Amino acid sequence: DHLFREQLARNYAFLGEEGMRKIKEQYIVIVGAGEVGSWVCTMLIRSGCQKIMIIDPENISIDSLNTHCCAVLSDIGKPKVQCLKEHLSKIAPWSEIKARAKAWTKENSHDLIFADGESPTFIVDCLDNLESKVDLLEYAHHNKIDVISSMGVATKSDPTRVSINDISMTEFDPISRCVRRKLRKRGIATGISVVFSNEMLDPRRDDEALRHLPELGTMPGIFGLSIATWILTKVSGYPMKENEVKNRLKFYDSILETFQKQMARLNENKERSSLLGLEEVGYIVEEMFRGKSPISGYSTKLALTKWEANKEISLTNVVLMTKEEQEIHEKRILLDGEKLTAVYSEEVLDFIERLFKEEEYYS
Amino acid sequence: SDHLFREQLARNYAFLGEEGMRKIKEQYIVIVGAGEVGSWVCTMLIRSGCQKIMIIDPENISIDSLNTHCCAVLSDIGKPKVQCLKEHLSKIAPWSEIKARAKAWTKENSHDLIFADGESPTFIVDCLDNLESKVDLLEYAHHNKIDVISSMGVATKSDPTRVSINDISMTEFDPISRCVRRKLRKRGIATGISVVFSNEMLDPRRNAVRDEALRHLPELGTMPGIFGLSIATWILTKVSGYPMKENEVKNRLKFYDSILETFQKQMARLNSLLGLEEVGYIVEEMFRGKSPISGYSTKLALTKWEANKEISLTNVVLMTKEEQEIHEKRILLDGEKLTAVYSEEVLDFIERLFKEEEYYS
Ligand SMILES: Nc1ncnc2c1ncn2[C@@H]1O[C@H](COP(=O)(O)O)[C@@H](O)[C@H]1O
Ligand SMILES: Nc1ncnc2c1ncn2[C@@H]1O[C@H](COP(=O)(O)O)[C@@H](O)[C@H]1O
Ligand SMILES: [Cl-]
Ligand SMILES: [Cl-]
Ligand code: NA
Ligand code: NA
Ligand code: NA
Ligand code: NA
Ligand code: NA
Ligand code: NA
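The residue numbering used throughout counts from 1 along each chain in the order its sequence is written. It may not match the entry numbering, and residues with no coordinates are not shown. Chain letters and ligand numbers both follow the written order, the letters beginning at A and the numbers at 1. Heavy atoms from the whole structure form the basis of all side-chain values; hydrogens and water molecules are not counted.

For this deposition, the record names X-ray crystallography as the technique by which the model was determined and cites 4.00 Å as its resolution.

Written out as structure tokens, the structure is:
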């Protein structure tokens, strides 16, 4: 009773009575007991949450003893969740720790997280499998739960550059790109706060399908804690920064109008023209061409245009460019209808064709 | 077996390159203090490679130091902090030699502790709280040319992004760093000592008021780790042939000459003991590169404060050559009162800035 309070005396003195009282009553769901999740579960419990749940099927491979905070030679081949509850039941016997040695899915979530008829306060994504994460975040958002997602920690080697901001604003982190694009594709643009760092290492040997490669055995720690920290502060009501968002709705509208015009010029069907709404103009400009004309590189006064004459309107057959560039394009390649090989050089058409192949991956 | 080490540490091996690891193995790392930050540090370098660490921490694993310490559990409370680690780390890294030391750290024993076995220390990590001992340590680190990192403070820290690693010189902002740097500079050293710290502004809710009797307040369970992990990350990335930010220092040595030149010149126009390193302190640390009269950073100079007192650190003020000339005629030569020339708003701020400095002596 009064022995518990002396263990966390530090946090009681910092966040206060009102703040700390609010943390105890919460219930957190950790999806991924891996090298990054490991820490959250610990730190959350060390800093003193009574109830958390860990969801991870796989066992601790000899690999993980480089990063995993609480594991040890003796825990090789222990289900990652099973090891935590064992190495946290010596920190806090008071703490209920629901350990689930099963995989998470869209279909089992309803009957697994609500278990014993109690809602969760927080979902912490600490997954690796792209296909599984996006699904979790979709489910996390659409049910309106306070939720934070870890991005990958691969290629990262400086703890100063790490950050927590809205998934929308991870432009320059190649690791995040793979998920937020796939998550944007399902409509979710700016709902989620996430960890990551804008650290690029292209001069390394290492080695357009981008993948998770190596990682420095400390960094995952940094992430885990920085999440826990961010949880602890958000939950408590301590002052933090709000997440800035990258929705240039005004800019997406102005573009759409330059496309919605083109559809009245060509005089094409209303059942194909309405397909491109504000929602999808955003995706196209921000995630595909990254606010940059693929022919030149300019970013001032752009517009959309049907890419080929004969083919239907879709993401595979459309592109943005400078007004002047779409003026030419509209006039030359599709209205007069001459082959695009004489209007555009080799260099560019290879950059375009691949830039659709990459879009066809996320479809 | 070698194979154990490699297959266990593989992901790092593949990250930094075998040539990188070779160096990590060679390292003999002294970690002074193993309380919150120290504990973190120690664990990670062992866990991430290093097979030779010394730890120096008297106090025992307090029941409160559970939401902080990196491994410690209820079973091993009331146990020497250095031992607790040795046990947990010798279960994860049997290959690793962790010479724990119950004893406390002094300027005198330092050598007879660290060099005892005969191996020269490659890297020192300050994780202390007693300011005296910390300075005494950082002092020792530099005089014995040992690549050294030092935790500053985790007091009033909320933001895991603001955590920076850099030189003492650059930590102007972080309020905690002052007491540590100030003394350090006045011992005769304000460059070379790498330090982790958050320059996170003092949180408003729990302009001429600065009297440094301000100290450490409450921690936040997670933050110590951020510091620990980061200075581990740092040490690992440095030792291994891996690229790095390369922290750069704000020691305006050129400036100090040009301002001292004004002071030295004022002495020859009147009727010289003041050092260049002493000015640098007066300039950067006390007046903070800004006149207390105007606030401008341009065309600055020194000048004897009042004619009655001896030329000391508590009786020379930095200001514009504009302000030097006026002050020189009116207070040094014409012999006027101080209340007569300068506003009381200034003369207070100047008094406090001496009562600040008065402490550090
Ligand atoms: N679909 C999934 N649902 C839940 N956990 C998963 C799923 N796929 C993988 N995991 C686990 O989550 C871990 C992610 O942690 P990490 O690789 O350290 O970021 C993996 O190592 C798996 O053990
Ligand atoms: N003079 C000293 N020499 C070495 N270690 C010290 C000295 N004074 C205090 N410490 C240790 O510094 C650590 C700081 O950790 P903490 O008290 O948790 O902030 C404690 O574990 C102390 O035992
Ligand atoms: Cl959120
Ligand atoms: Cl063992
Ligand atoms: Na809330
Ligand atoms: Na519109
Ligand atoms: Na150094
Ligand atoms: Na400290
Ligand atoms: Na930063
Ligand atoms: Na100097």
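### Looking at the site of ligand 2
Residues and elements named next belong to chain B. For each residue, the test is whether any non-hydrogen atom lies within 4 Å of the molecule or strand; if one does, the residue is near. In the vicinity of ligand 2, 13 residues are found, and the nearest of them are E36, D57, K81, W105 and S133. Between ligand 2 and the protein, one listed contact pairs an oxygen atom with a side-chain N or O atom of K81 at 2.9 Å. Pairs of N or O atoms are called polar contacts if they sit within 3.5 Å, as long as, within protein, a hydrogen donor faces a hydrogen acceptor (for residues adjacent in sequence, only side-chain-to-side-chain pairs). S133 places a polar side-chain atom, nitrogen or oxygen, 3.0 Å from a nitrogen atom of ligand 2. Every accessible area reported is derived by Shrake-Rupley at a probe size of 1.4 Å, with residue values counting cover from the shown protein chains alone. Computed on the free molecule, ligand 2 has an accessible area of 500 Å², of which 86% lies beneath the protein chains in the complex. Tallied by class, the residues present in the shell around ligand 2 amount to six nonpolar, two polar and five charged. The residue classification treats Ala, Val, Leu, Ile, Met, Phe, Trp, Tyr, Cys and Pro as nonpolar and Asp, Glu, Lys and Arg as charged. All others, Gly included, are polar.

### Considering the domain arrangement of chain B
Residue and element names in this part refer to chain B. For the domain bounds, the source is a domain assignment made automatically or taken from a database. When its domains are assigned, chain B resolves into domain 1 (2-239) and domain 2 (253-359). Each of domain 1 and domain 2 has a C-alpha centre, and the two are 39 Å apart. We call two residues in contact when some of their heavy atoms are within 4.5 Å. The partner domain 2 presents 15 residues to the 11 residues of domain 1 that form the contact. By buried area we mean how much accessible surface two parts lose on assembly, using a 1.4 Å probe and totalling the loss over both. Note on domain 1 versus domain 2: buried area summed over both sides is about 1400 Å², and carbon and sulfur give 44% of it. Looking at the side of domain 1 facing domain 2, the largest losses of area belong to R182, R185 and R210, adding up to 47% of the total buried there. Salt bridge criterion: a side-chain nitrogen from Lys or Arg within 4 Å of a carboxyl oxygen from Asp or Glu. In this structure, the connection of domain 1 to domain 2 is made through five salt bridges. Note that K186 and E357 form a salt bridge whose closest N and O atoms lie 3.4 Å from each other. The interface formed by domain 1 and domain 2 holds seven residue pairs in polar contact in total. Of the residues assigned to the side of domain 1 that touches domain 2, the class counts are one nonpolar, no polar and 10 charged.

### So, the site of ligand 1
Residues and elements named next belong to chain A. Taken together, 15 residues lie around ligand 1, and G34, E35, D56, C126 and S132 are the ones closest in. Within the contact set of ligand 1, a nitrogen atom lies 3.2 Å away from a backbone nitrogen or oxygen of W104. In the complex, the protein chains occlude 87% of the 500 Å² of accessible area that ligand 1 would expose alone. Taken together, the residues that form the shell around ligand 1 break down as seven nonpolar, three polar and five charged.

### Examining the domain arrangement of chain A
All names here are of chain A. In terms of domains, chain A is made up of domain 1 (4-236) and domain 2 (249-362). A separation of 39 Å is found between the C-alpha centroids of domain 1 and domain 2. Contact with domain 2 buries surface across domain 1, with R181, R184 and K185 losing the most and accounting together for 54% of the total. At the surface where domain 1 touches domain 2, the tally comes to three salt bridges. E287 is paired through a salt bridge with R180; the nearest N and O atoms lie 2.6 Å apart. If you look at where domain 1 meets domain 2, you find five residue pairs in polar contact. Class assignment of the residues belonging to the side of domain 1 that touches domain 2 gives a composition of one nonpolar, no polar and nine charged.

### Concerning the sheet that holds strand β6 (residues 163-167) of chain B
Residue and element names in this part refer to chain B. Across the sheet, which stays open at both edges, the seven strands sit in the order β3-β2-β1-β4-β5-β7-β6 with mixed pairing between neighbours. For this open sheet the edge positions go to β3 (97-101) and β6, each flanked by a neighbour on one side alone. The average angle at which neighbouring strand axes cross in this sheet is 20 degrees, direction not considered. When strand β1 (residues 29-32) meets strand β4 (residues 123-126), the two strands line up parallel, connected through four bridges. Across the sheet, the residue bridging to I29 is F123, located in β4. Axis definition: a line fitted to C-alpha atoms, limited for helices to the stretch in contact. Angles are taken between N-to-C directions and run from 0 to 180 degrees. The secondary structure listing takes helices from DSSP runs of H or I that are at least 4 residues long and strands from runs of E that are at least 2 residues long, numbered from the N terminus. Against the sheet, helix α3 (residues 37-48) makes contact with β1, β2 (52-56), β3, β4 and β5 (148-151), and its axis sits at roughly 160 degrees relative to β1, the strand it touches most. Strand pairing is defined by DSSP finding a minimum of two bridges between the two strands.

### A look at the state of the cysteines
Residues and elements named next belong to chain B. For this text, the term disulfide refers to a pair of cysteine sulfurs within 2.5 Å. If you walk through the whole model with that rule in mind, you get zero disulfides over all chains. Summary of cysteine pairing: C127 is not part of a disulfide, and the nearest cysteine sulfur, belonging to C42, is at 9.4 Å. You can call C127 buried: its relative accessible area is 11%. Among the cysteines around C179, which has no disulfide bond, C127 carries the closest sulfur, lying 19 Å off. By relative accessible area, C179 is classed as buried at 7%. The rule is simple: take the accessible area with a 1.4 Å probe, protein chains only, and divide by the maximum for that residue type; under 20% is buried, over 50% is exposed, in between is partly exposed.

### Describing the interface of chain B and chain A
By a widespread convention, an interface's size corresponds to the accessible area lost as its parts come together. Residue-level contacts link 52 residues of chain B with 55 residues of chain A. Together chain B and chain A conceal approximately 4700 Å² of surface at their shared face, both sides included; 62% is due to carbon and sulfur atoms. When the buried area of chain B at its contact with chain A is split by residue, B:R11, B:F15 and B:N67 rank highest and sum to 15% of it. The interface formed by chain B and chain A contains four salt bridges. Salt-bridge contacts for A:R10 lead to B:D64; the nearest nitrogen and oxygen are separated by 3.7 Å. The tally of links between chain B and chain A comes to 17 residue pairs in polar contact. Listing elements by their share of the side of chain B that touches chain A, those giving two or more residues are α1 (2-16), α3, α4 (81-92), β6 and α8 (223-239) of chain B.

### Side note on the environment of B:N166
Residues and elements named next belong to chain B. Along the polypeptide, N166 turns up in strand β6. For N166, a relative accessible area of 15% puts it in the buried group. Discounting residues that sit within four places of it in the chain, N166 has contacts with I193, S194, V195, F197, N247 and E248.

### Here we look at the sheet that holds strand β3 (residues 96-100) of chain A
Residues and elements named next belong to chain A. Across the sheet, which stays open at both edges, the seven strands sit in the order β3-β2-β1-β4-β5-β7-β6 with mixed pairing between neighbours. Of all strands in the sheet, those bounded by a partner on one side alone are β3 and β6 (162-166). Taken over all neighbouring pairs, the strand axes of this sheet differ in orientation by 20 degrees on average, direction set aside. As paired strands, strand β1 (residues 27-31) and strand β4 (residues 122-125) are joined by four bridges and run parallel to one another. Residue pairing in the sheet places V29 in a bridge with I123 of β4. Helix-sheet contacts for helix α8 (residues 219-236) involve β4, β5 (146-150), β6 and β7 (193-197), and the interaxial angle to β4 is about 165 degrees.

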